[PDB]
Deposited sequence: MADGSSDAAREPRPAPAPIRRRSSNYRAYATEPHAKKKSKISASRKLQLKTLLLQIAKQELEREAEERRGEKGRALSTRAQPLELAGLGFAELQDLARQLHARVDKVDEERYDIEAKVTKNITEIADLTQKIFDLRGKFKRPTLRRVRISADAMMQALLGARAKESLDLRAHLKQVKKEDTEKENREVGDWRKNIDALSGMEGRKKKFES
């Protein structure tokens, strides 16, 4: 290979660093915003999927039947939860495998001490 020009930039590395720092800050704010919005979404989903009990005016036998109905629903919802959990579990196995794959594909003396040795008393600032 032959030599080539160095990368040159219109802006200072000091400016780039400031911009990157601010970029990470706002990404972090957007992450908190996402979490808050997801909490809101969770509240609304739970309003629909698990609506409040109406117990007023149910007699003894009606209450016995309701408890049996709710207990049956517990079984059904647990089964649905299990099914999504099973998909999450399979994704974990896939994530672990792909993470290993990409890792594989991707696979002194300090200036202080050096300056003291080379320059002796002429090293002050450094």
Tell me, which runs of residues in the deposited sequence have no coordinates at all? 1 to 30, 138 to 147, 167 to 210
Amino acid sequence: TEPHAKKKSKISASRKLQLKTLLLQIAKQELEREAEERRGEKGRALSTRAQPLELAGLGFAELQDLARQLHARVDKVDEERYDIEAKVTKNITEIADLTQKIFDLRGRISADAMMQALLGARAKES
From here on, numbers count along this sequence of modelled residues.
Which has higher Cα B-factors on average according to the PDB entry: 81 to 89 or 44 to 52? 44 to 52
Going by the entry, of stretches 114 to 122 and 10 to 18 the one with greater average Cα B-factor is 10 to 18
Would you mind checking which of 101, 33, 76, 68 has the top Cα temperature factor in the PDB entry? 33
